[PDB]
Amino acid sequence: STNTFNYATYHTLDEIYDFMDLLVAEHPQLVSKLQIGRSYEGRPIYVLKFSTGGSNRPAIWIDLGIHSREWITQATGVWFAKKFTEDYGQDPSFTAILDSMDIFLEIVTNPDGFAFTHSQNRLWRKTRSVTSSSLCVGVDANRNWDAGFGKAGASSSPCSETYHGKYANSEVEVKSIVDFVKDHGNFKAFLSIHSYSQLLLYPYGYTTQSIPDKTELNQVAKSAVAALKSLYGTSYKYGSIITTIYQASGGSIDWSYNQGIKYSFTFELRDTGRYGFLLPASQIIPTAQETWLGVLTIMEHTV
C-alpha cells in the first residue's frame, strides 16, 4: 500500500506506476489516474488528478522527470502525491486550495528515458525517439516546446544532449501535455520540476526581454524560496531562466506563459553539484519536504 511504500529510496518505473494505482484505490474520492498519451516506445503516460469536485475547476499543472536522469524529481513527485492525500482536510491552507482548484501531477514525464536510466544509462536525459538518418536517439523534451523553438539555447545536432527535434511538439511526451492543457483551458499555474542547482526560475529562457508580469512573478518566486529555506536553511537563487541558469530555447514554461498561464515556474532541486544527479536517497525526504513549502506558496498566490 502507499502506507508500506518506502518514500526514502529511489524506485523503478513499475514501482511508481504501482504506487499510483495504490493511491487511487485508497483515495477514490480525491485521486484519479488519467492516461494522456503513450510514450515513443509505447508506455502509458499517466497524470494524477487531485480534485474535490466541480467541473473544469481552475487548475495547477505540475510535471516532474521530463529529464529522466533527474531522479530526485520523480521521487519528490511520489512524496507530493501522498502528501496531498494526507493534508486535505487537515492543513487549513492546502484544504482551501483543493476546495477551489484541481491539481494535475505528472510524476514521470519521460517514461522511456526513466526506464533507460535503470536498464542501461543512469545519466540519460532525452526521450528515446528514433532519429532518421542518425546513429543517435532522443530529443531534449525541454527544448521541444513552441517558444523560441530552434533558436540559440538548443541544438540541431541529433547526437546533442539539447537536440530540439525536427519541429516544435515533435515528441509525443510534449504534445500529450500541450493537448491536455489546451483542451482543459483553465490552468492557472504550470510548474515544471527539474534538478539540479537550487534555483526557482520564471520566463524567459529564449530572450533577454523581461516578461510583463516580472514584478509579480519575481515576488512570488522570492516568497516561495523563502518558504523553502525556512525548513532546513537550503539556499536557492531565483530569476528568469536566461539570467539565472543559461539561455535555453523551446522550454516549457516559456510556452505556458505565452499561452496565458501567468504562474509559470521551473524548479531546480538539490544540490548545487556536490552529488549532482546522483543525489543520495537519504536526501529525498528533506528535499521533498522543503520543496513542498515552495510549491504550496506558489499555489497560495494562484488561489
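Start at 1 with the first residue shown and count on from there.
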Study note, to complete from the structure: Per the PDB entry, mean CA B-factor is higher for 130-138 or 113-121, namely for 130-138
Check your understanding: Of 99-107 and 84-92, which one has the bigger average CA B-factor?
Key -> 84-92
**Study point:** Residue, from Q29, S240, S264, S68, that the PDB entry assigns the highest Cα B-factor
**Key:** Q29
**Study point:** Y167, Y196, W79, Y204, ranked by C-alpha B-factor: the highest one
**Key:** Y167
Check your understanding: Among the chain's modelled residues, which third holds the C-alpha B-factor of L23?
Key -> middle
Check your understanding: When the modelled residues of the chain are sorted by Cα temperature factor, does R143 land in the lowest, middle or highest third?
Key -> lowest
Study note, to complete from the structure: Temperature factor at the Cα of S256, chain-ranked in thirds, falls in the lowest
Check your understanding: Relative to the other modelled residues in the chain, which third contains the C-alpha temperature factor of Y163: lowest, middle or highest?
Key -> middle
Check your understanding: Among the chain's modelled residues, which third holds the C-alpha B-factor of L34?
Key -> highest
